[PDB]
6 protein chains.
Amino acid sequence: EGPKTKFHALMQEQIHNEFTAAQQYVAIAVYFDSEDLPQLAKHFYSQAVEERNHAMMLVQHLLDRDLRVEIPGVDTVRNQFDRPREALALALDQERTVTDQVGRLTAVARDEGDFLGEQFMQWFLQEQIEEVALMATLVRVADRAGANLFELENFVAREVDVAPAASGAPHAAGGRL
Amino acid sequence: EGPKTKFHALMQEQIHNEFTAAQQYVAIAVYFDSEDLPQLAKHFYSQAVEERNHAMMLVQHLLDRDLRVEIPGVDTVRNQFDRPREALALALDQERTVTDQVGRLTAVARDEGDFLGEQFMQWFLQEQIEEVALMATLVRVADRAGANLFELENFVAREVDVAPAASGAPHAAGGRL
Amino acid sequence: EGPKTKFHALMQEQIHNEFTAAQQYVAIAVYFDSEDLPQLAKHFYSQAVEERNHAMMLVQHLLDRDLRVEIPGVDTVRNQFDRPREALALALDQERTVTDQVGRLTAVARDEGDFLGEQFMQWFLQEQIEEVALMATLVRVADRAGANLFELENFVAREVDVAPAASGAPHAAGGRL
Amino acid sequence: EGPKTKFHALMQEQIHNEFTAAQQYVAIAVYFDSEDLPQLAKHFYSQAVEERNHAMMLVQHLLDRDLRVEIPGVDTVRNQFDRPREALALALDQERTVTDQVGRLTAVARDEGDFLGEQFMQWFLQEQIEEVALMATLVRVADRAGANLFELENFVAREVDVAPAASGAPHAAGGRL
Amino acid sequence: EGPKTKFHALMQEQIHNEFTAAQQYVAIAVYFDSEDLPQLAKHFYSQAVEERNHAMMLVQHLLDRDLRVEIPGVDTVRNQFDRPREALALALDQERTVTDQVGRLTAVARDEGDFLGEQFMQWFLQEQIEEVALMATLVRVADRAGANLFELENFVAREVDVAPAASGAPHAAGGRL
Amino acid sequence: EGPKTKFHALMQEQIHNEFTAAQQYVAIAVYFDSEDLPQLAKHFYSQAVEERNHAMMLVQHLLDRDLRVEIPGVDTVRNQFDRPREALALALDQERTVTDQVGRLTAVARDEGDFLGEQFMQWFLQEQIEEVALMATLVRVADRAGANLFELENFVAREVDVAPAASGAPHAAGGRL
């Protein structure tokens, strides 16, 4: 079918990962919406869109370099959470994983001398900094709040804002949402 | 875990279906984008968003009636197409299926006397009319064009427009995109 | 030539009916215009347009579901009226008939499990409520006025208004007039 | 019932003709809309309105001179066409007929010394010039295009425009649409 | 006095119910206003208006179909509540009842082939979805808050908003308030 | 349960009265709307709102002085009227009663040295002047018109206007409508 370099072969895997991550954010947000925490839910509904946009960016990068790309299925994501702290912890966990994955991609790109591939994912590293920062902040605030969830709610409302996205963001397939 | 009526149990299945349908639209659009048919691709990138919005509407309806709802995984969708006519045919097929599914939901709702459920899906029937209409039109135009794909391209560009959505649309979880 | 379901076969008949109804409204309006009752005439010239729009909506619905549709002829409509009360009574009569016809369509659609067809005609039921209301009001006012027609004229002028059409109206073939 | 001059008696016939012509334009437009030629359809949906307006103008002229006028039925119009060239040819044919009919009216008016009647139909002659011109142009373009219908489509889109109607148009009963 | 169908006879009962429901909302709001919970009170003063508007809509529907309609008295409503949780629970209860009542109306309409009546109350079903959703949310939030009522107060202030009413709402007798 | 002064005990009764009066205005307006007198109906739909606002003002006054207040039921109001003159006479009657009731309140307040209570109801006396004036005017005009109801209709349309409410109006519970 044609010789795949492992940057290509692993970036396909990453497309799959970002899609599953988006679905997981939707599930987290839906759990928050059922438990009557609408600011938390709002934030995570925004994050799901952001993650889908990341997936589209990866897809668009494959389309640009004319490598074959599959739009894959998504694995079953988690829906049961006993308290909000666990769902937030899951988000934080996921984002640390995503960071390590993007690290793994940059490394494999640099090994096999794929300079376009090296360069493309600097933006993903940049986004991971701020993203893991925000998640860690939310998890720590959720621990300080404890069972009193309204204070978590107020913290998300006043201090966490999804500001307009800056430039430097690569093109996403079908337009950035 | 609690007694599920089969309207609830089948609407969960429909949530799963709409999510898979959205992913299938993304795959179709990505195939069109690789084959350098960007108006076709643009339309289908819009349709994927529309289908995700439908899924969110179903989810939001479950959240409103306080029934448990799972955000599910997505099955593997199709990526190989030998010519554009087949991908368009797949879209048309999918939408006829979706129509029959929504029909099945309205029927099961009316059987078990779920009046909120009966009423909720009239909007989905309405959307299916225009949607299957548009798909059928595209498939017939793709047959008239044959191998000369630029005329299909021009038809999509001039005549097929994604106009502003009208009201009557129920609330989608996390805001309609 | 192909298997017709009786929803399709009866909706064709309804297209014929709405066209004849529009021509009948034109005839009524022309009688009112000859007898120097221009507010009455104005209202009915508006109603004829509304009825033609309904016919176009039915036609457009057939075009969308890709069923064959004939644009039919129109039967001879009534022109002789001895007094205005009779022409108004004819209008009222016609609209009660139209209501029963649309009822018959909803019933036949629901019998043969045509869910798109069931759903499409809810708007027609809605329109019939307000329409028969208005006609009944005009007939009762025409009885209170008796031979003194100027008071009927003033009632039509001040109180009966053709307000901007609301949304929810399905698409009419060749644009709503 | 009263002595009819044959200008009056033939103008009634013309009212009938213009109504049938309008219904025939609707049928042509509906055939074009089913065969996915929406620019052609758009033009003919506009022409049907124009023809109804002509009928209303004739009606209004009868109302002004206080002669009795019947709003008649419409004969069955044609719906089957094997290719677009034939429907266009039918339109062209119809308009040549209409021209000859209006000629016949001007002649009969001038015979029986009906000076108001002579004068009223100069506008109809004027409209027939441009109208038959446009139809002939469309038929010739449809022949140059042959089976490749998209070029016909583009010609209708770019070059054929329904510009704002000029003055000189007599009053139509119930307002010009 | 004339033959009443039981759709008519039960819709009269529903008019009575909506009036009593409005008075009950006023009583709930007045209890909240005495206990110094003004955001809660504000919301319920808005809900009382909404319920009166529903009553007016039902009345207007009877007026349109020219059936006799009584504007009835209202039963004694509840004023004593020992804590806010109970008044909220009463509201939730009431709205679940209203949902079942509107269900009963749709069912009786569909039994006796009253297609206008079937169609009229789809809007009421739609409103009940969102309304019971909101009430359930408030009751669950009131349980999470417990005796600390200020957090309930803040939740009502930030997250619960009476947005502009959408279209699709039928006409209310004497104008929607 | 606590010592009630009879100003408080009679003002509760007045709250009940104003609520019943509002429902009676709704019934009168609905009778006028069924008999096709929409200007009359419009006026009385406005008066019902005004009466509900008065009830809310009384309620708000009880809430301000921290006395217990019941939101009561409403008695059955009158719906049968043989002619419009009687419904207007009923309105006039009601308003004369309301005037006497408010007089009785001012008197009882002044007896028991409730200076806040004395002062609060001066506005109600002021409103009763203009209100009974308007009702008397309508009844006299209805007598001059006799069976010819259109002239009554025109008088209500041109001369009776619900102007913007002036200041001096005390606060109504849940905002003045």
# chains A, B, ... in the order shown; residues from 1 in each chain; ligands from 1
call {"tool": "residues_around", "arguments": {"residues": "residue 157 of chain F", "least_positions_apart": "6", "cutoff": "12 Å", "atoms": "only C-alpha atoms", "output": "PyMOL selection string"}}
result
(chain C and resi 154-155+158-159) or (chain F and resi 37-43+138+150-151)
call {"tool": "calpha_fit_and_write", "arguments": {"fixed": "chain E", "moving": "chain D", "output": "JSON list (two decimals) with C-alpha atoms, in the first residue's frame"}}
result
[["chain", "number", "residue", "atom", "x", "y", "z"],
["D", 1, "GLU", "CA", -76.97, 23.75, 25.84],
["D", 2, "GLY", "CA", -75.05, 21.91, 23.04],
["D", 3, "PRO", "CA", -73.02, 18.64, 22.66],
["D", 4, "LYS", "CA", -69.57, 18.85, 24.34],
["D", 5, "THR", "CA", -66.79, 16.55, 23.15],
["D", 6, "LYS", "CA", -64.59, 15.51, 26.09],
["D", 7, "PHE", "CA", -61.54, 17.26, 24.66],
["D", 8, "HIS", "CA", -63.49, 20.50, 25.10],
["D", 9, "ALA", "CA", -64.82, 19.37, 28.49],
["D", 10, "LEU", "CA", -61.31, 18.49, 29.74],
["D", 11, "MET", "CA", -59.60, 21.54, 28.28],
["D", 12, "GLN", "CA", -62.00, 23.67, 30.35],
["D", 13, "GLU", "CA", -60.71, 21.74, 33.37],
["D", 14, "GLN", "CA", -57.16, 22.49, 32.25],
["D", 15, "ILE", "CA", -57.92, 26.21, 32.07],
["D", 16, "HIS", "CA", -59.02, 25.91, 35.70],
["D", 17, "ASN", "CA", -55.81, 24.04, 36.55],
["D", 18, "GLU", "CA", -53.47, 26.58, 34.96],
["D", 19, "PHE", "CA", -55.21, 29.43, 36.80],
["D", 20, "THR", "CA", -54.82, 27.60, 40.14],
["D", 21, "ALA", "CA", -51.20, 26.82, 39.25],
["D", 22, "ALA", "CA", -50.52, 30.51, 38.63],
["D", 23, "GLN", "CA", -52.03, 31.42, 42.01],
["D", 24, "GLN", "CA", -49.93, 28.70, 43.66],
["D", 25, "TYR", "CA", -46.76, 30.19, 42.06],
["D", 26, "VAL", "CA", -47.79, 33.60, 43.43],
["D", 27, "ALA", "CA", -48.16, 32.06, 46.91],
["D", 28, "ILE", "CA", -44.77, 30.33, 46.67],
["D", 29, "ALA", "CA", -43.13, 33.60, 45.53],
["D", 30, "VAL", "CA", -44.79, 35.54, 48.35],
["D", 31, "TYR", "CA", -43.47, 32.99, 50.92],
["D", 32, "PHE", "CA", -40.00, 33.42, 49.40],
["D", 33, "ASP", "CA", -40.36, 37.21, 49.55],
["D", 34, "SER", "CA", -41.30, 37.12, 53.25],
["D", 35, "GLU", "CA", -38.32, 34.86, 54.05],
["D", 36, "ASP", "CA", -35.90, 37.31, 52.37],
["D", 37, "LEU", "CA", -34.94, 35.21, 49.34],
["D", 38, "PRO", "CA", -35.53, 37.81, 46.57],
["D", 39, "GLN", "CA", -33.85, 36.00, 43.63],
["D", 40, "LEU", "CA", -36.00, 32.96, 44.29],
["D", 41, "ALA", "CA", -39.00, 35.28, 44.65],
["D", 42, "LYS", "CA", -38.12, 37.06, 41.40],
["D", 43, "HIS", "CA", -38.00, 33.78, 39.52],
["D", 44, "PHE", "CA", -41.33, 32.63, 40.85],
["D", 45, "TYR", "CA", -43.04, 36.01, 40.17],
["D", 46, "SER", "CA", -41.88, 35.44, 36.59],
["D", 47, "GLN", "CA", -43.24, 31.86, 36.63],
["D", 48, "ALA", "CA", -46.66, 33.00, 37.83],
["D", 49, "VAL", "CA", -46.85, 35.35, 34.85],
["D", 50, "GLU", "CA", -45.79, 32.50, 32.59],
["D", 51, "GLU", "CA", -48.52, 30.24, 33.99],
["D", 52, "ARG", "CA", -51.20, 32.98, 33.58],
["D", 53, "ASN", "CA", -49.98, 33.32, 29.99],
["D", 54, "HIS", "CA", -50.48, 29.56, 29.49],
["D", 55, "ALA", "CA", -54.03, 29.88, 30.84],
["D", 56, "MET", "CA", -54.65, 32.75, 28.42],
["D", 57, "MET", "CA", -53.30, 30.61, 25.56],
["D", 58, "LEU", "CA", -55.77, 27.83, 26.36],
["D", 59, "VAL", "CA", -58.58, 30.39, 26.62],
["D", 60, "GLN", "CA", -57.61, 31.93, 23.26],
["D", 61, "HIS", "CA", -57.66, 28.47, 21.68],
["D", 62, "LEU", "CA", -61.21, 27.96, 22.87],
["D", 63, "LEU", "CA", -62.16, 31.41, 21.54],
["D", 64, "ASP", "CA", -60.67, 30.59, 18.12],
["D", 65, "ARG", "CA", -62.62, 27.31, 17.64],
["D", 66, "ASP", "CA", -65.80, 29.11, 18.86],
["D", 67, "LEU", "CA", -66.45, 26.72, 21.75],
["D", 68, "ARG", "CA", -67.93, 28.14, 24.96],
["D", 69, "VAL", "CA", -65.36, 28.84, 27.63],
["D", 70, "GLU", "CA", -65.77, 29.75, 31.30],
["D", 71, "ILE", "CA", -63.21, 31.80, 33.16],
["D", 72, "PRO", "CA", -63.38, 29.85, 36.45],
["D", 73, "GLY", "CA", -62.58, 30.54, 40.11],
["D", 74, "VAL", "CA", -59.41, 29.30, 41.78],
["D", 75, "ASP", "CA", -59.18, 26.88, 44.71],
["D", 76, "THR", "CA", -57.34, 27.77, 47.89],
["D", 77, "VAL", "CA", -53.61, 27.35, 47.36],
["D", 78, "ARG", "CA", -50.93, 26.51, 49.98],
["D", 79, "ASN", "CA", -49.17, 29.29, 51.97],
["D", 80, "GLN", "CA", -47.52, 27.54, 54.95],
["D", 81, "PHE", "CA", -44.09, 26.10, 54.38],
["D", 82, "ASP", "CA", -41.69, 25.24, 57.19],
["D", 83, "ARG", "CA", -38.51, 25.55, 55.01],
["D", 84, "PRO", "CA", -37.73, 26.65, 51.38],
["D", 85, "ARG", "CA", -37.00, 23.03, 50.26],
["D", 86, "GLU", "CA", -40.70, 22.16, 50.69],
["D", 87, "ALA", "CA", -41.99, 25.07, 48.60],
["D", 88, "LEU", "CA", -39.55, 24.16, 45.85],
["D", 89, "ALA", "CA", -40.67, 20.52, 46.13],
["D", 90, "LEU", "CA", -44.27, 21.70, 45.78],
["D", 91, "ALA", "CA", -43.39, 23.59, 42.62],
["D", 92, "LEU", "CA", -41.63, 20.54, 41.17],
["D", 93, "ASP", "CA", -44.60, 18.36, 42.11],
["D", 94, "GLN", "CA", -47.04, 20.80, 40.50],
["D", 95, "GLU", "CA", -45.09, 20.87, 37.27],
["D", 96, "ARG", "CA", -44.91, 17.04, 37.07],
["D", 97, "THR", "CA", -48.69, 17.07, 37.51],
["D", 98, "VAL", "CA", -49.09, 19.69, 34.77],
["D", 99, "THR", "CA", -46.98, 17.50, 32.49],
["D", 100, "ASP", "CA", -49.23, 14.50, 33.14],
["D", 101, "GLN", "CA", -52.35, 16.64, 32.57],
["D", 102, "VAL", "CA", -51.10, 17.92, 29.22],
["D", 103, "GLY", "CA", -50.24, 14.31, 28.36],
["D", 104, "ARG", "CA", -53.85, 13.34, 29.24],
["D", 105, "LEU", "CA", -55.13, 16.13, 26.94],
["D", 106, "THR", "CA", -52.98, 15.04, 23.99],
["D", 107, "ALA", "CA", -54.21, 11.47, 24.53],
["D", 108, "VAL", "CA", -57.90, 12.39, 24.71],
["D", 109, "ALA", "CA", -57.53, 14.62, 21.64],
["D", 110, "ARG", "CA", -55.90, 11.78, 19.69],
["D", 111, "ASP", "CA", -58.62, 9.34, 20.81],
["D", 112, "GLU", "CA", -61.51, 11.52, 19.57],
["D", 113, "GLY", "CA", -59.81, 12.58, 16.34],
["D", 114, "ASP", "CA", -59.49, 16.29, 17.20],
["D", 115, "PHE", "CA", -56.51, 17.10, 15.02],
["D", 116, "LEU", "CA", -56.47, 20.82, 15.83],
["D", 117, "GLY", "CA", -56.51, 19.82, 19.50],
["D", 118, "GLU", "CA", -53.72, 17.28, 19.02],
["D", 119, "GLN", "CA", -51.61, 19.89, 17.29],
["D", 120, "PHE", "CA", -52.28, 22.79, 19.65],
["D", 121, "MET", "CA", -50.67, 21.15, 22.68],
["D", 122, "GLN", "CA", -47.33, 20.12, 21.24],
["D", 123, "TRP", "CA", -46.09, 23.52, 22.37],
["D", 124, "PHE", "CA", -47.25, 22.77, 25.90],
["D", 125, "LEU", "CA", -45.33, 19.48, 25.87],
["D", 126, "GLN", "CA", -42.23, 21.38, 24.69],
["D", 127, "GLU", "CA", -42.58, 23.91, 27.49],
["D", 128, "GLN", "CA", -43.05, 21.20, 30.09],
["D", 129, "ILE", "CA", -39.72, 19.59, 29.18],
["D", 130, "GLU", "CA", -37.66, 22.70, 29.98],
["D", 131, "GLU", "CA", -39.91, 23.75, 32.87],
["D", 132, "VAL", "CA", -39.73, 20.46, 34.81],
["D", 133, "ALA", "CA", -36.00, 20.42, 34.03],
["D", 134, "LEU", "CA", -35.54, 23.81, 35.69],
["D", 135, "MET", "CA", -37.64, 22.89, 38.72],
["D", 136, "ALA", "CA", -35.80, 19.61, 39.27],
["D", 137, "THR", "CA", -32.49, 21.47, 39.03],
["D", 138, "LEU", "CA", -33.64, 23.98, 41.69],
["D", 139, "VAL", "CA", -34.82, 21.21, 44.06],
["D", 140, "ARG", "CA", -31.48, 19.31, 43.75],
["D", 141, "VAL", "CA", -29.51, 22.54, 44.29],
["D", 142, "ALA", "CA", -31.68, 23.30, 47.36],
["D", 143, "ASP", "CA", -30.77, 19.87, 48.74],
["D", 144, "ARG", "CA", -26.98, 20.42, 48.12],
["D", 145, "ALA", "CA", -27.22, 23.84, 49.81],
["D", 146, "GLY", "CA", -29.15, 22.54, 52.84],
["D", 147, "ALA", "CA", -29.72, 25.15, 55.54],
["D", 148, "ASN", "CA", -27.16, 27.55, 53.95],
["D", 149, "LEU", "CA", -29.60, 29.39, 51.70],
["D", 150, "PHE", "CA", -27.28, 32.03, 50.26],
["D", 151, "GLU", "CA", -25.67, 29.49, 47.91],
["D", 152, "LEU", "CA", -29.09, 28.56, 46.54],
["D", 153, "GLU", "CA", -29.63, 32.32, 46.18],
["D", 154, "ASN", "CA", -26.38, 32.73, 44.19],
["D", 155, "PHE", "CA", -27.16, 29.74, 41.98],
["D", 156, "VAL", "CA", -30.55, 31.24, 41.07],
["D", 157, "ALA", "CA", -28.91, 34.62, 40.47],
["D", 158, "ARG", "CA", -26.05, 33.54, 38.13],
["D", 159, "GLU", "CA", -27.35, 30.45, 36.33],
["D", 160, "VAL", "CA", -31.15, 30.54, 36.16],
["D", 161, "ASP", "CA", -32.27, 33.22, 33.72],
["D", 162, "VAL", "CA", -35.66, 33.89, 32.18],
["D", 163, "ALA", "CA", -34.40, 34.42, 28.60],
["D", 164, "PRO", "CA", -36.64, 36.08, 25.95],
["D", 165, "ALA", "CA", -39.43, 33.66, 24.95],
["D", 166, "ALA", "CA", -38.87, 31.99, 21.60],
["D", 167, "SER", "CA", -41.44, 31.90, 18.84],
["D", 168, "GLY", "CA", -43.76, 28.94, 18.30],
["D", 169, "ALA", "CA", -45.75, 30.14, 21.29],
["D", 170, "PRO", "CA", -49.45, 30.28, 20.29],
["D", 171, "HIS", "CA", -51.42, 33.52, 20.78],
["D", 172, "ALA", "CA", -52.52, 34.28, 24.34],
["D", 173, "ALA", "CA", -55.83, 36.03, 24.91],
["D", 174, "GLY", "CA", -55.13, 39.69, 25.64],
["D", 175, "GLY", "CA", -51.53, 39.52, 24.53],
["D", 176, "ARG", "CA", -48.73, 37.46, 26.07],
["D", 177, "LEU", "CA", -47.31, 39.19, 29.15]]
call {"tool": "select_by_dssp", "arguments": {"residues": "segment 7-94 of chain E", "states": "alpha helix (DSSP H)", "output": "PyMOL selection string"}}
result
chain E and resi 7-34+38-64+84-94
